[PDB]
Amino acid sequence: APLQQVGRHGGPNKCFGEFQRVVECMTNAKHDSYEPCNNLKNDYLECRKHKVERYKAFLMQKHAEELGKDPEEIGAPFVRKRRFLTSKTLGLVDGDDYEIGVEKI
Amino acid sequence: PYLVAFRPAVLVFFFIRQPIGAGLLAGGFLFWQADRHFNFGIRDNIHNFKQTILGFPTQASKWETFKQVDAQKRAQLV
Amino acid sequence: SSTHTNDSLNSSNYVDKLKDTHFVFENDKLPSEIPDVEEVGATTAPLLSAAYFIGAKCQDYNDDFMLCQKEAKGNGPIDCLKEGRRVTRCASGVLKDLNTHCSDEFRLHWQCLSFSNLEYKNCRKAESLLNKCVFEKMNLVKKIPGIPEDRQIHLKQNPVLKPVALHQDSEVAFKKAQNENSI
Amino acid sequence: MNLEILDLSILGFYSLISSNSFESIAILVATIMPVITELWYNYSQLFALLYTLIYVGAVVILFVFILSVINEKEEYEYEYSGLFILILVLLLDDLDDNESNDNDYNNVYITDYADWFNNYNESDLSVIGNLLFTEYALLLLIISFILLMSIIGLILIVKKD
Amino acid sequence: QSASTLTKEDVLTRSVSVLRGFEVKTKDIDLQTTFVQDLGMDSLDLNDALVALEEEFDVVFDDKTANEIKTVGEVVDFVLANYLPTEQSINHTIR
Amino acid sequence: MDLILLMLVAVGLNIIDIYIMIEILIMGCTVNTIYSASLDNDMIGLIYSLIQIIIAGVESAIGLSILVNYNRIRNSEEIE
Amino acid sequence: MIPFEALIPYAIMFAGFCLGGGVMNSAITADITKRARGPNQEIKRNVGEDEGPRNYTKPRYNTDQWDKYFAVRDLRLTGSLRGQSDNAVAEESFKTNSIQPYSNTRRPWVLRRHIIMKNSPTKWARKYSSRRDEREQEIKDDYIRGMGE
Amino acid sequence: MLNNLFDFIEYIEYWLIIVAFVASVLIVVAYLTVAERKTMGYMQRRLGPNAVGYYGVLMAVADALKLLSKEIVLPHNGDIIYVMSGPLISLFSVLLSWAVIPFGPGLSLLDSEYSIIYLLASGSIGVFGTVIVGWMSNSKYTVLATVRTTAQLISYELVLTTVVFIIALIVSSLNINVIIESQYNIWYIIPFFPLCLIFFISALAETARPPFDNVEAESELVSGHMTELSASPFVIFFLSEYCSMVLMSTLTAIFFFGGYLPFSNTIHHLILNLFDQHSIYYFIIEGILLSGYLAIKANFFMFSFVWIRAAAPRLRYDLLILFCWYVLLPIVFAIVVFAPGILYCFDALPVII
Amino acid sequence: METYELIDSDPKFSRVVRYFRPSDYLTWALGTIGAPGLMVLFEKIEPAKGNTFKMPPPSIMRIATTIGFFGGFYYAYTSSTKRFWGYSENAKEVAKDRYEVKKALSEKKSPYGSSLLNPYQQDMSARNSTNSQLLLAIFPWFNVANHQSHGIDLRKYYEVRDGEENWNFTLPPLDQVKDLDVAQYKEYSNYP
Ligand SMILES: CCCCCCCCCCCCCCCCCC(=O)OC[C@H](COP(=O)(O)OCCN)OC(=O)CCCCCCCCCCCCCCCCC
Ligand SMILES: CCCCCCCCCCCC(=O)OC[C@H](COP(=O)(O)OCC[N+](C)(C)C)OC(=O)CCCCCCCCCCC
């Protein structure tokens with residue numbers, strides 16, 4: 001059994017476990033048909049693309065629009081510029097809005 | 001990373017040699033960037049037109065399916 | 001490793017622009033049913049300086065937390081919350097003891113690591129003083145498993161690789177102990 | 001503003017109006033450079049550098065062949081085109097840049113969660129070599145075999161003797 | 001591709017037009033029409049015509065034939081038998 | 001624009017221009033492999049990408065030699 | 001007879017390297033140490049009287065993924081990517097200031113815009129044929145239909 | 001002002017660091033042109049430039065300013081794309097290669113685990129920019145020089161790439177800074193003395209320097225690819241060629257002479273013990289010291305570039321191809337098999353640390 | 001199918017050569033001289049030049065002997081491999097295999113041998129080399145490593161069969177045999 005889905009550090013990646021449980025199910029001798037392993041196939045494909053999870057987020061965003069809910073009042077706060085991950089945004093006691101250093105670690 | 005160094009060199013030389021071809025290409029480039037930045041929705045609506053005419057599940061098609069299930073499920077409880 | 005991923009900060013802001021990266025916060029605390037625990041507040045250099053003393057003090061709790069992860073069978077982060085809180089408290093206990101017993105020796109070692117690219121080989125002298133102070137006051141010995149006790153690299157008399165730049169504070173503090181302790 | 005869009009807009013314009021063979025060997029270099037930069041800044045810096053190391057050597061060999069085969073044909077020839085038909089073609093092309101029609105996959109953003117289990121932390125090239133030289137060593141040895149065939153193949157084609 | 005597409009009527013027709021642009025005694029030119037008698041060309045006029053007929057058909061008369069040519073029909077015979085299309089580049093044919 | 005085969009106008013009118021199109025077309029496959037492998041954190045895809053680059057460079061050399069000898073055949077008199 | 005005039009340009013070339021190294025070693029090291037002093041400008045610039053000598057942090061090199069997690073973790077504690085702190089306990093704000101990057105997963109622009117590189121049998125199928133997306137939409141619809149059971 | 005003025009310097013500080021980095025490299029490149037003529041002059045028992053500026057210190061400035069005040073020769077004002085694209089590609093390539101050169105520990109603009117690949121990849125682009133000058137040009141000397149540039153590139157590219165890979169193999173890393181720090185106890189000149197010669201021979205061929213100056217052979221191709229270049233396009237190509245000489249001299253010092261590591265560890269500690277480490281002045285001196293070690297080693301190889309030009313005649317490029325493919329390649333591929341075998345025999349396979 | 005007892009699903013290179021029967025050496029010689037002999041036969045069937053017989057030059061017979069020598073070994077290697085796999089009659093090889101394994105087990109030594117390879121590389125090496133003899137006619141690949149993936153259970157060596165009582169091997173339990181998987185991961189479950 002050759003290795004598949006090898007992470008960048010040589011070990012199993014995020015989705016290897018899903019793939020491994022599919023192989024074990026499909027190759028088990030206790031199974032009359034491949035029907036038991038159908039949910040395991042969807043789980044592996046969901047691990048890679050997250051297509052159903054993205055689809056759920058599509059419904060939640062759309063359902064919030066039709067009820068007039070504010071996107072900025074029900075979502076999660078975010079910052080787009082890395083230089084402005086400031087100590088005030090991070091919540092430090094002596095925080096400030098001055099830019100952080102990202103030029104050279 | 002070499003496009004960052006070359007881009008100022010190529011762009012100015014492109015305008016020098018072909019000022020009208022460059023202005024038309026650059027003008028169209030900026031117009032779509034204004035469509036995306038200012039949410040004019042022109043590119044999105046073209047995309048929604050292509051999916052509708054080619055039989056893809058559109059954004060409205062997927063939302064209609066949800067509304068059909070929503071009405072079906074509510075009556076199943078009531 | 002400088003590979004761009006979707007789980008941490010990337011190389012530059014051109015990477016964020018191409019990925020349209022959003023740095024997202026969550027204002028919600030952990031649920032009240034889960035018991036609270038104070039997180040470890042030490043940064044990279046103090047933690048690396050204290051790595052082998054946290055290992056020598058929390059070995060039972062570190063192994064028990066990791067063994068919980070193996071027995072969790074995928075349900076890892078949920079089923080080992082209680083074991084994880086023990087690990088955090090034990091690690092904070094070591095850092096607490098360092099700042100009360102070996103404060104100057106401890107702060108000397110991780111100030112050298114900050115001065116020396118966080119390479120253990122560059123700060124042997126300050127490490128030796130910290131090892132001596134910790135052993136006398138906390139009875140903790142640094143051990144590198146899998147090798148004989150006399151082949152441990154941190155105890156090598158004449159290492160092949162040595163720091164190019166000398167930490168002046170470590171040189172001064174090493175001389176002071178030489179003339180006062182090993183008479 | 002994603003300035004790579006403008007770069008590909010200029011490249012598509014010059015591919016429609018290219019006339020001689022030197023311009024084609026420049027369309028190739030004008031294509032690898034956007035690829036290398038975008039790989040460098042988004043997905044893989046390792047393969048951005050591998051592209052530069054290998055394709056440039058292929059480009060110069062390609063260029064030197066143009067010198068030995070340039071045959072006066074397209075310097076004095078005429079093309080018609082039309083500026084209006086060029087720009088209209090590029091406008092219609094620019095309208096549809098959605099290579100995929102999964103709207104949720106293209107619109108919803110995702111994240112990954114980091115873990116500290118990988119304490120032996122090395123570069124992607126070390127893992128690629130670790131697998132290539134151990135598990136897929138047959139693939140490497142066949143590639144070595146194909147490279148040998150090219151050496152013999154080039155000689156039996158070009159050498160008059 | 002690399003073969004002639006010439007007919008005896010076209011070569012004669014193109015020969016007559018090229019000979020009509022000169023100062024000839026008569027404009028009624030056929031195959032039997034001689035250069036010295038019917039058209040009235042001296043030594044230099046004849047060779048001006050031959051080179052003019054060379055450029056029209058992209059052919060080159062050999063020295064032996066050119067010195068001994070008498071009639072218009074002989075030129076038409078020569079063009080039909082010796083004309084070849086010029087070789088094209090390696091890209092014109094296969095592309 | 002793709003379905004009306006607009007790419008047939010972007011390819012130049014020399015045999016070498018067909019070679020460049022083939023290299024660009026294959027390079028599109030490798031960029032797609034690198035993109036998927038990086039998102040999945042899968043080194044098997046990157047091994048595939050490396051194999052494609054080496055193999056694509058082999059056929060570039062084999063095709064060039066055929067075109068090189070094809071041009072020699074035309075310049076065959078070589079009375080010099 | 002050592003010709004000193006010939007050795008003058010080498011002295012300036014020697015000083016050329018020393019200009020780069022002298023500036024880079026000191027300017028970068030000072031900035032890292034300055035930004036490691038605290039979470040705001042009044043602590044970075046001003047020097048307290050009761051504080052001891054300034055200990056400097058040298059630039060980092062030969063890093064890996066752990067150093068990226070460490071840098072972000074340091075930022076959440078001190079406001080600097082190379083902050084310094086050996087406190088056994090973090091502040092309360094550290095429990096809720098985690099940073100999670102969310103990014104799109106779209107194919108490169110050169111893949112979906114190059115006039116030649118975007119054309120292939122499978123790319124046309126993905127872009128113009130609805131056969132693939134019809135099947136995958138069934139999977140998504142089953143998720144909401146199966147909620148009631 | 002005050003506060004706004006003070007933290008605006010912090011907002012511009014790293015740009016000045018780059019400007020100082022650019023200024024430092026251009027000073028060496030400018031005065032390498034002066035040093036070459038001074039070195040050749042005394043070897044040829046003349047003086048070299050000593051009349052332009054005090055003792056000749058402004059000769060480089062005069063050459064640049066005079067060439068920057070000259071008319072640019074081109075068929076039309078809109079034909080800048082022809083003879084300017086080539087010089088810019090060559091200049092941008094060599095300048096970008098300097099981003100990975102560390103003047104001290106961690107003092108490189110770019111640091112990555114693939115700095116070696118970036119170094120080789122960046123310089124290969126400069127080769128492309130040179131051949132662009134003969135872009136269906138009607139100048140037969142430019143056309144004849146473009147053919148020779150490709151022939152030399154095929155010669156040195158394999159040897160230079162493989163030599164750097166052997167050095168990277170001995171440390172099992174492609175980071176340039178790790179390779180320098182791996183030479184604490186031994187400089188790779190001693191174990192790989194044959195490779196240092198081969199690296200320098202490859203550097204001479206890469207930079208088109210004599211005895212491999214077959215591209216710009218004045219006695220053969222008047223000026224080679226530069227015969228039609230005047231004023232600004234000529235300066236940029238001339239500037240990039242001498243930038244490459246400094247780069248390859250600095251790489252010879254990095255791959256085989258320990259980079260910035262001190263000649264004497266005892267003396268290095270003695271000098272640095274005079275300055276308090278709690279003061280910023282210690283790090284200025286250390287930056288001067290470490291770069292000085294790199295400067296001294298690189299100055300010797302920049303001297304060696306001039307030295308070989310003043311002693312050896314030029315070799316024909318068709319002989320260079322046979323020399324690189326029949327002699328250098330078999331030797332280098334022997335060492336690429338030799339070195340791992342030695343290390344495995346003594347259980348000393350390298351790791352990154 | 002006339003199957004037999006499985007001895008080793010991936011026999012080591014040295015074991016295959018050592019277990020050569022005298023006929024396997026005989027076929028190795030036949031391959032070595034069969035290649036020069038076929039060059040004589042082909043000339044005899046139809047002369048290469050003209051119509052008269054001409055002995056092929058000595059340089060051709062030298063390279064032909066080398067080609068036949070490798071071909072003879074590959075044939076003999078596949079002949080002996082089938083006995084390990086059980087495809088061919090291997091009664092003699094089973095008795096020899098059982099004696100060698102029981103002898104090594106009684107010495108508390110691995111029947112497979114100690115390896116320079118770590119657990120991954122032993123597993124990887126077995127994946128690459130197992131069943132590779134099926135393509136030995138196309139390109140060579142041999143098992144030259146001491147891995148433990150041989151497709152056999154060492155408990156079958158703990159039952160005395162007919163003609164093995166005079167060996168008097170006292171076999172220890174498998175957890176005391178050096179360099180075996182079942183006696184390697186004592187302290188850590190991910191380190192041998
Ligand atoms: C340092 C900057 C170097 C480049 C600066 C010069 C800018 C010119 C365009 C650079 C590349 C942009 C895309 C062009 C692809 C090649 C198409 C081409 O034929 O070159 C365009 C050039 C203009 O000729 P023009 O007169 O406008 O058209 C012919 C009219 N019958 O016709 C020519 O033959 C001149 C080409 C000169 C040699 C250029 C070699 C290619 C260099 C590309 C490096 C950058 C990669 C591309 C980045 C931009 C991508 C669009
Ligand atoms: C295993 C240990 C490796 C040793 C490492 C060094 C390898 C060098 C190989 C040289 C072979 C050679 O010079 O080759 C000579 C070849 C071709 O010569 P040919 O036509 O065959 O005639 C010679 C054959 N004879 C004599 C047997 C008949 O061209 C040359 O003249 C190359 C000249 C290179 C000079 C470059 C100057 C570099 C200066 C360096 C200052 C720091």
# chains A, B, ... in the order shown; residues from 1 in each chain; ligands from 1

$ residues_near_ligand --ligand "ligand 2" --cutoff "8 Å" --atoms "only C-alpha atoms and all ligand atoms" --output "JSON list (two decimals) with N, CA, C and O atoms, in the first residue's frame"
[["chain", "number", "residue", "atom", "x", "y", "z"],
["H", 193, "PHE", "N", 39.53, 22.01, -2.54],
["H", 193, "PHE", "CA", 40.41, 22.85, -3.34],
["H", 193, "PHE", "C", 40.20, 22.67, -4.84],
["H", 193, "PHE", "O", 40.22, 23.68, -5.56],
["H", 194, "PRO", "N", 40.03, 21.45, -5.38],
["H", 194, "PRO", "CA", 39.69, 21.34, -6.81],
["H", 194, "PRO", "C", 38.41, 22.06, -7.19],
["H", 194, "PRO", "O", 38.33, 22.63, -8.29],
["H", 195, "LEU", "N", 37.40, 22.06, -6.32],
["H", 195, "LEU", "CA", 36.13, 22.70, -6.67],
["H", 195, "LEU", "C", 36.24, 24.22, -6.64],
["H", 195, "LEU", "O", 35.50, 24.90, -7.36],
["H", 196, "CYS", "N", 37.13, 24.77, -5.81],
["H", 196, "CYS", "CA", 37.31, 26.22, -5.80],
["H", 196, "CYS", "C", 37.89, 26.71, -7.11],
["H", 196, "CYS", "O", 37.46, 27.75, -7.63],
["H", 197, "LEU", "N", 38.86, 25.99, -7.66],
["H", 197, "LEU", "CA", 39.38, 26.33, -8.98],
["H", 197, "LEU", "C", 38.29, 26.24, -10.03],
["H", 197, "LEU", "O", 38.14, 27.13, -10.88],
["H", 198, "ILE", "N", 37.49, 25.17, -9.98],
["H", 198, "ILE", "CA", 36.45, 24.96, -10.98],
["H", 198, "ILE", "C", 35.37, 26.02, -10.84],
["H", 198, "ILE", "O", 34.83, 26.51, -11.84],
["H", 200, "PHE", "N", 35.85, 29.10, -9.74],
["H", 200, "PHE", "CA", 36.41, 30.34, -10.27],
["H", 200, "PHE", "C", 36.53, 30.29, -11.79],
["H", 200, "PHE", "O", 36.29, 31.30, -12.47],
["H", 201, "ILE", "N", 36.91, 29.14, -12.34],
["H", 201, "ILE", "CA", 36.95, 28.99, -13.80],
["H", 201, "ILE", "C", 35.55, 29.17, -14.38],
["H", 201, "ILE", "O", 35.38, 29.83, -15.41],
["H", 204, "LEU", "N", 34.65, 32.90, -14.28],
["H", 204, "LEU", "CA", 35.25, 33.63, -15.39],
["H", 204, "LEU", "C", 34.47, 33.43, -16.68],
["H", 204, "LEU", "O", 34.31, 34.36, -17.47],
["H", 211, "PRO", "N", 40.38, 34.64, -19.22],
["H", 211, "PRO", "CA", 40.64, 34.22, -20.61],
["H", 211, "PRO", "C", 39.42, 33.73, -21.38],
["H", 211, "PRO", "O", 39.56, 33.16, -22.45],
["H", 304, "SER", "N", 41.86, 38.77, -8.06],
["H", 304, "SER", "CA", 42.19, 37.62, -8.90],
["H", 304, "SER", "C", 41.53, 37.71, -10.27],
["H", 304, "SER", "O", 42.10, 37.22, -11.26],
["H", 308, "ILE", "N", 44.14, 37.46, -13.38],
["H", 308, "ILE", "CA", 44.14, 36.50, -14.48],
["H", 308, "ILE", "C", 44.02, 37.22, -15.82],
["H", 308, "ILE", "O", 44.54, 36.74, -16.83],
["H", 312, "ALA", "N", 46.99, 35.91, -18.53],
["H", 312, "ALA", "CA", 46.66, 34.81, -19.43],
["H", 312, "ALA", "C", 46.07, 35.32, -20.73],
["H", 312, "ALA", "O", 45.30, 36.29, -20.74],
["H", 315, "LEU", "N", 41.22, 32.20, -24.71],
["H", 315, "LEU", "CA", 41.01, 30.86, -25.24],
["H", 315, "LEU", "C", 39.76, 30.86, -26.12],
["H", 315, "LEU", "O", 38.74, 31.43, -25.74],
["H", 319, "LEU", "N", 37.12, 25.68, -27.93],
["H", 319, "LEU", "CA", 37.96, 24.95, -26.99],
["H", 319, "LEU", "C", 37.39, 24.99, -25.59],
["H", 319, "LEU", "O", 37.56, 24.03, -24.82],
["H", 320, "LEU", "N", 36.70, 26.07, -25.23],
["H", 320, "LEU", "CA", 36.05, 26.17, -23.93],
["H", 320, "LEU", "C", 34.94, 25.13, -23.78],
["H", 320, "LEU", "O", 34.74, 24.58, -22.70],
["H", 322, "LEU", "N", 34.82, 22.14, -25.26],
["H", 322, "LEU", "CA", 35.47, 20.85, -25.04],
["H", 322, "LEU", "C", 36.07, 20.76, -23.64],
["H", 322, "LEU", "O", 36.05, 19.70, -23.01],
["H", 323, "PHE", "N", 36.62, 21.87, -23.15],
["H", 323, "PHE", "CA", 37.20, 21.87, -21.81],
["H", 323, "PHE", "C", 36.13, 21.65, -20.74],
["H", 323, "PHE", "O", 36.36, 20.90, -19.78],
["H", 327, "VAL", "N", 36.34, 17.67, -19.53],
["H", 327, "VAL", "CA", 37.27, 17.71, -18.41],
["H", 327, "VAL", "C", 36.54, 18.06, -17.13],
["H", 327, "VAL", "O", 36.60, 17.31, -16.15],
["H", 328, "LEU", "N", 35.87, 19.21, -17.11],
["H", 328, "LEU", "CA", 35.27, 19.69, -15.87],
["H", 328, "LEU", "C", 34.07, 18.86, -15.46],
["H", 328, "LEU", "O", 33.93, 18.51, -14.28],
["H", 331, "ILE", "N", 34.96, 15.43, -13.87],
["H", 331, "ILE", "CA", 35.56, 15.58, -12.55],
["H", 331, "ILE", "C", 34.51, 15.94, -11.52],
["H", 331, "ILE", "O", 34.50, 15.40, -10.40]]

$ residues_near_ligand --ligand "ligand 1" --cutoff "7 Å" --atoms "only C-alpha atoms and all ligand atoms" --output "compact mmCIF listing (two decimals) with N, CA, C and O atoms, in the first residue's frame"
# COMPACT_ATOMS: atom_id res chain seq x y z
N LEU B 3 8.49 39.57 -11.75
CA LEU B 3 7.53 40.46 -12.39
C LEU B 3 7.42 41.79 -11.66
O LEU B 3 7.08 42.80 -12.27
N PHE B 6 10.29 43.79 -13.21
CA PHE B 6 10.13 44.07 -14.63
C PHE B 6 8.91 44.92 -14.95
O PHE B 6 8.90 45.60 -15.98
N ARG B 7 7.88 44.90 -14.10
CA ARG B 7 6.61 45.54 -14.46
C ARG B 7 6.75 47.04 -14.74
O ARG B 7 6.17 47.50 -15.73
N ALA B 9 9.35 48.53 -15.93
CA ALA B 9 10.07 48.63 -17.19
C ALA B 9 9.18 48.29 -18.38
O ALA B 9 9.21 48.99 -19.40
N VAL B 10 8.38 47.23 -18.28
CA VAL B 10 7.56 46.81 -19.41
C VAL B 10 6.42 47.81 -19.64
O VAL B 10 6.09 48.12 -20.79
N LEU B 11 5.82 48.33 -18.57
CA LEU B 11 4.64 49.17 -18.72
C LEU B 11 4.97 50.49 -19.41
O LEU B 11 4.27 50.91 -20.33
N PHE B 13 7.60 51.19 -21.32
CA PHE B 13 7.98 50.92 -22.70
C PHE B 13 6.78 50.52 -23.54
O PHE B 13 6.79 50.74 -24.76
N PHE B 14 5.76 49.92 -22.93
CA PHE B 14 4.55 49.59 -23.67
C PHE B 14 3.78 50.84 -24.07
O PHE B 14 3.23 50.92 -25.17
N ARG B 17 5.82 52.80 -26.97
CA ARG B 17 5.73 52.24 -28.31
C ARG B 17 4.30 52.28 -28.85
O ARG B 17 4.09 52.63 -30.01
N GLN B 18 3.32 51.93 -28.03
CA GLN B 18 1.92 51.81 -28.46
C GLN B 18 1.01 52.53 -27.48
O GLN B 18 0.27 51.90 -26.72
N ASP D 7 -0.99 42.20 -16.63
CA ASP D 7 0.12 41.56 -17.32
C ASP D 7 -0.37 40.55 -18.35
O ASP D 7 0.13 40.51 -19.48
N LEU D 8 -1.36 39.74 -17.97
CA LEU D 8 -1.90 38.76 -18.90
C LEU D 8 -2.72 39.43 -20.00
O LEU D 8 -2.84 38.88 -21.10
N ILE D 10 -1.87 42.30 -21.45
CA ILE D 10 -0.87 42.73 -22.42
C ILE D 10 -0.33 41.52 -23.18
O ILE D 10 -0.12 41.59 -24.40
N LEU D 11 -0.10 40.41 -22.48
CA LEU D 11 0.45 39.23 -23.13
C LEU D 11 -0.51 38.66 -24.17
O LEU D 11 -0.09 38.23 -25.25
N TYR D 14 -0.32 40.79 -27.30
CA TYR D 14 0.87 40.58 -28.11
C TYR D 14 0.92 39.20 -28.74
O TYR D 14 1.66 39.00 -29.71
N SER D 15 0.16 38.23 -28.22
CA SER D 15 0.09 36.93 -28.86
C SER D 15 -0.79 36.96 -30.10
O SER D 15 -0.57 36.17 -31.03
N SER D 18 1.49 38.94 -32.83
CA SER D 18 2.85 38.47 -33.08
C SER D 18 2.98 37.98 -34.52
O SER D 18 2.09 37.30 -35.05
N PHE D 22 10.85 35.46 -33.53
CA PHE D 22 11.46 36.04 -32.33
C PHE D 22 10.40 36.48 -31.33
O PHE D 22 10.59 36.35 -30.12
N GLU D 23 9.29 37.01 -31.83
CA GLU D 23 8.21 37.42 -30.93
C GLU D 23 7.59 36.22 -30.22
O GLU D 23 7.11 36.36 -29.09
N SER D 24 7.59 35.05 -30.86
CA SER D 24 7.05 33.86 -30.22
C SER D 24 7.95 33.38 -29.08
O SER D 24 7.46 33.00 -28.01
N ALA D 26 9.59 35.24 -27.34
CA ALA D 26 9.36 36.22 -26.29
C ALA D 26 8.02 36.05 -25.60
O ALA D 26 7.88 36.42 -24.43
N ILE D 27 7.02 35.51 -26.31
CA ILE D 27 5.75 35.17 -25.67
C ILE D 27 5.96 34.06 -24.64
O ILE D 27 5.31 34.03 -23.59
N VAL D 29 8.78 33.54 -22.81
CA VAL D 29 9.38 34.16 -21.63
C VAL D 29 8.38 35.09 -20.95
O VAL D 29 8.37 35.21 -19.72
N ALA D 30 7.53 35.76 -21.73
CA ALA D 30 6.50 36.60 -21.15
C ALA D 30 5.39 35.79 -20.49
O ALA D 30 4.50 36.38 -19.87
N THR D 31 5.40 34.47 -20.64
CA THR D 31 4.47 33.58 -19.96
C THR D 31 5.05 32.95 -18.71
O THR D 31 4.36 32.83 -17.70
N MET D 33 7.38 34.16 -16.78
CA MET D 33 7.57 35.17 -15.73
C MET D 33 6.31 35.40 -14.90
O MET D 33 6.42 35.45 -13.66
N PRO D 34 5.11 35.57 -15.47
CA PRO D 34 3.91 35.61 -14.62
C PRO D 34 3.68 34.33 -13.84
O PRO D 34 3.18 34.39 -12.71
N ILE H 81 12.65 50.05 -26.84
CA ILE H 81 12.42 48.67 -26.44
C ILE H 81 13.52 47.75 -26.95
O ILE H 81 13.82 46.73 -26.33
N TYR H 82 14.16 48.11 -28.06
CA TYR H 82 15.12 47.21 -28.68
C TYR H 82 16.39 47.09 -27.85
O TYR H 82 16.73 46.00 -27.37
N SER H 85 15.76 46.92 -23.40
CA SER H 85 15.21 45.76 -22.71
C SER H 85 16.31 44.78 -22.31
O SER H 85 16.29 44.24 -21.20
N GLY H 86 17.28 44.56 -23.19
CA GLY H 86 18.38 43.67 -22.91
C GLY H 86 19.23 44.09 -21.73
O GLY H 86 19.47 43.31 -20.81
N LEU H 88 18.45 46.04 -19.27
CA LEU H 88 17.70 46.04 -18.02
C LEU H 88 17.53 44.63 -17.47
O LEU H 88 17.64 44.42 -16.25
N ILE H 89 17.26 43.65 -18.34
CA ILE H 89 17.14 42.27 -17.88
C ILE H 89 18.45 41.80 -17.27
O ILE H 89 18.47 41.12 -16.24
N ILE H 132 19.40 39.15 -26.06
CA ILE H 132 18.32 39.94 -26.65
C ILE H 132 18.84 41.10 -27.49
O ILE H 132 18.12 41.62 -28.34

$ closest_atom_pairs --of "chain F" --to "range 123-146 of chain D" --cutoff "12 Å" --atoms "only C-alpha atoms" --output "CSV"
residue,atom,partner,partner_atom,distance
F:37,CA,D:124,CA,11.4
F:38,CA,D:124,CA,10.2
F:41,CA,D:124,CA,9.8
F:42,CA,D:124,CA,9.8
F:43,CA,D:128,CA,6.2
F:44,CA,D:128,CA,7.7
F:45,CA,D:128,CA,9.6
F:46,CA,D:128,CA,7.2
F:47,CA,D:128,CA,6.0
F:48,CA,D:128,CA,9.8
F:49,CA,D:128,CA,10.6
F:50,CA,D:128,CA,9.1
F:51,CA,D:143,CA,7.9
F:52,CA,D:143,CA,10.3
F:53,CA,D:143,CA,11.2
F:54,CA,D:143,CA,8.0
F:55,CA,D:143,CA,7.6
F:56,CA,D:143,CA,11.4
F:57,CA,D:146,CA,11.1
F:58,CA,D:146,CA,7.9
F:59,CA,D:146,CA,10.0
F:61,CA,D:146,CA,12.0
F:62,CA,D:146,CA,11.1

$ atom_distance --atom1 "CA of residue 250 in chain H" --atom2 "CA of residue 184 in chain H"
17.6 Å

$ interface_residues --of "chain D" --to "chain H" --cutoff "8 Å" --atoms "only C-alpha atoms" --output "JSON, numbers by chain"
{"D": [22, 46, 49, 50, 52, 53, 56, 57, 59, 60, 61, 64, 123]}

$ residues_around --residues "range 68-70 of chain E" --least-positions-apart "5" --cutoff "8 Å" --atoms "only C-alpha atoms" --output "PyMOL selection string"
chain E and resi 34-36+75

$ interface_residues --of "chain G" --to "chain C" --cutoff "10 Å" --atoms "only C-alpha atoms" --output "MDAnalysis selection string"
chainID G and resid 29 33 55:78 82:106 108:109

$ residues_around --residues "residue 25 in chain B" --least-positions-apart "2" --cutoff "10 Å" --atoms "only C-alpha atoms" --output "VMD selection string"
(chain B and resid 19 to 23 27 to 30) or (chain D and resid 6 9 to 10 13 87 90 to 91)

$ closest_residue --among "F:10, F:79, F:67, F:73" --to "chain G" --atoms "only C-alpha atoms"
F:10

$ interface_residues --of "chain H" --to "chain C" --cutoff "12 Å" --atoms "only C-alpha atoms" --output "PyMOL selection string"
chain H and resi 104-106+110-115+173-175+180-186+258+260-279+282-283+286-287+289-290+352-353

$ interface_residues --of "chain D" --to "chain G" --cutoff "10 Å" --atoms "only C-alpha atoms" --output "PyMOL selection string"
chain D and resi 2+4-5+7-9+11-13+15-16+31-32+34-35+38-39+42-43+90+93-94+96-102+105-116+118-123

$ interface_residues --of "chain B" --to "chain D" --cutoff "8 Å" --atoms "only C-alpha atoms" --output "PyMOL selection string"
chain B and resi 1-4+24-26+28-29+33+43+46-47+51+56+59
